[PDB]
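J.:
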Amino acid sequence: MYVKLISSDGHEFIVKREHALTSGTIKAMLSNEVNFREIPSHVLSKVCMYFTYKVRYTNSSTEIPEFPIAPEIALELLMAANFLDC
Amino acid sequence: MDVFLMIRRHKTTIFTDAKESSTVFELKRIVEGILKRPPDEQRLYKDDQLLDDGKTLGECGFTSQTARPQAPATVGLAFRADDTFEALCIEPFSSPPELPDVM
Amino acid sequence: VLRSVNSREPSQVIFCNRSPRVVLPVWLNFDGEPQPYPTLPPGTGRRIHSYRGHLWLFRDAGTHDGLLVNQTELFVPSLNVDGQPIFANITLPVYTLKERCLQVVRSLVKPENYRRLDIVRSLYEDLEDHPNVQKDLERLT
Ligand SMILES: CC(=O)N[C@@H](Cc1ccccc1)C(=O)N[C@H](C(=O)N1C[C@H](O)C[C@H]1C(=O)NCc1ccc(-c2scnc2C)cc1)C(C)(C)C
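Here it is as structure tokens:
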């Protein structure tokens, strides 16, 4: 089961429901498409990668790599993470 | 070994994982489950290269160490509109703003 | 509360830095004061002498971001079985996306400039509230 997360510029990101529920904010907006008027695709794509990373590396013994964030997106990404509580 | 992918067409992007040992066709079946279009109406691409149904993702260069959770590899998708296949077209993501002075 | 016990029973330990960070080992002394020890570059190890019932924790040496040791916050050396050293595997935690963003922003903006960034005051405060061992000692208590 997948949900659709839509960026402010209309990009549709389809990710596993359980991955997206990493965000308590997204849980609420669902409880299965969500529009994000303030989050552009270059940020929302990164948020989706974060979900994948978190789910994969939580409760995991295999060594954990650094989640990479380009300087250019760090501010907007910070603002999205704060809104999404993840 | 799991590979982590972005399957992209126009303004659609699917985040999913698959086995390195799984096939292109099997990846079409996954897309089918999500976008409701059968495999015979799909072409998958690595960059501009059309991928063959019977090849493994690993053979086609999607490996567990390059197609990572935090940096998934991109697979292009094109659909057959009725008779003929549309050209592969992937809309770029938006562009980030200029770094502020303070950064 | 969180203080090393003065046991006198030796214990050899391998501090193994399996993170990409320069690591600062911190020993909690008998009065509970954090005592910094020499750093470990990324991917390196040190054989060190410690004691049973001594408390350690580990941080990014530059930013004080929290690290895990054997999957938890604290490491206490135990009894060496058959002369083998105890392994202390230091790893990155999975940070929240927020904390990770704060790390990257902090590493790009000099603290004087946090006020210049266009964000809700509460993120200014979040940025300014740097990781700090003393704070975490109060959080663990
Ligand atoms: C006065 C004394 O020797 N007291 C013993 C207990 C004891 C032992 C024998 C007899 C009586 C009491 C004791 O607890 N010593 C403490 C002690 O030796 N410690 C505290 C911690 O358990 C570590 C150990 C210690 O400092 N070991 C040397 C050491 C030196 C470097 C490093 C590190 S950390 C990263 N890189 C390095 C090289 C790690 C350890 C000190 C001297 C700091 C108070």
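Top line first, the protein sequences correspond to chains A, B and C. In terms of my numbering, the first sequence has 61 at position 61, counting the first letter as 1, and numbering is strictly consecutive. Every position in the second sequence, counted from 1, becomes a number in my numbering once 1000 is added. Every position in the third sequence, counted from 1, becomes a number in my numbering once 2000 is added. Note that the Cβ used here is the ideal one computed from N, Cα and C, for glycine as well.
May I ask you to check if the CB of residue 2050 of chain C is nearer than 7 angstroms to at least one heavy atom of ligand 1?
T.: yes
J.: How about residue 2024 of chain C and residue 2075 of chain C: are their beta carbons less than 8 angstroms apart?
T.: no
J.: Just checking residue 1004 of chain B against ligand 1 - is the residue's beta carbon closer than 7 angstroms to any of the ligand's heavy atoms?
T.: no
J.: Can residue 2074 of chain C be considered in contact with ligand 1, in the sense that its beta carbon sits closer than 7 angstroms to one or more heavy atoms?
T.: Outside the cutoff, so no.
J.: Return the Cβ separation of residue 1013 of chain B and residue 67 of chain A in integer angstroms, given the expectation that the two are a contact with Cβ distance under 8 angstroms.
T.: That belief does not hold up - the Cβ atoms of residue 1013 of chain B and residue 67 of chain A are roughly 19 angstroms apart, past 8 angstroms.
J.: Quick check: the segment 2080-2097 of chain C against the segment 2012-2027 of chain C, are there 3 or more CB pairs under 8 angstroms?
T.: yes
J.: Nearest to residue 1001 of chain B by alpha carbon, out of B/1011, B/1009, B/1022?
T.: B/1022
J.: Measure the C-alpha to C-alpha separation of residue 2 of chain A and residue 22 of chain A and round it to an integer number of angstroms.
T.: Spanning the two alpha carbons is a distance of roughly 13 angstroms.
J.: Taking a cut of 8 angstroms between CB atoms, which residues from the segment 45-60 of chain A lie near chain C?
T.: 47, 50, 53, 54, 57, 58
J.: According to DSSP, is residue 2032 of chain C helix, strand or coil?
T.: coil
J.: Given a cut-off of 8 angstroms on the beta-carbon distance, is the pair residue 1092 of chain B and residue 1005 of chain B in contact?
T.: Contact: no.
J.: Please identify the residue among A/81, A/72, A/86, A/85 whose C-alpha is closest to the C-alpha of residue 1096 of chain B.
T.: A/72
J.: Since I believe residue 1098 of chain B is in contact with residue 1057 of chain B (beta carbons under 8 angstroms), could you give me their beta-carbon distance rounded to a whole number of angstroms?
T.: That belief does not hold up - the Cβ atoms of residue 1057 of chain B and residue 1098 of chain B are roughly 38 angstroms apart, past 8 angstroms.
J.: Strictly below 7 angstroms CB to CB, what residues from chain A border residue 1004 of chain B?
T.: 52
J.: Identify which residue in C/2044, C/2085, C/2036, C/2053 has its Cα closest to the Cα of residue 2012 of chain C.
T.: C/2085
J.: Is there contact here, the segment 51-62 of chain A with the segment 1074-1081 of chain B, by at least three beta-carbon pairs under 8 angstroms?
T.: Output reads no: the segment 1074-1081 of chain B does not touch the segment 51-62 of chain A.
J.: Take residue 46 of chain A and list the residues in its own chain whose beta-carbon comes closer than 7 angstroms to its own, dropping the five residues that flank it on each side.
T.: 73, 77
J.: Residue 2121 of chain C: buried (16+ other C-beta within 10 angstroms of its C-beta) or exposed?
T.: exposed
J.: Return helix, strand or coil for residue 2037 of chain C, following the three-state DSSP convention.
T.: coil
J.: Within 8 angstroms of any Cβ in chain C, is that where the Cβ of residue 28 of chain A sits?
T.: no
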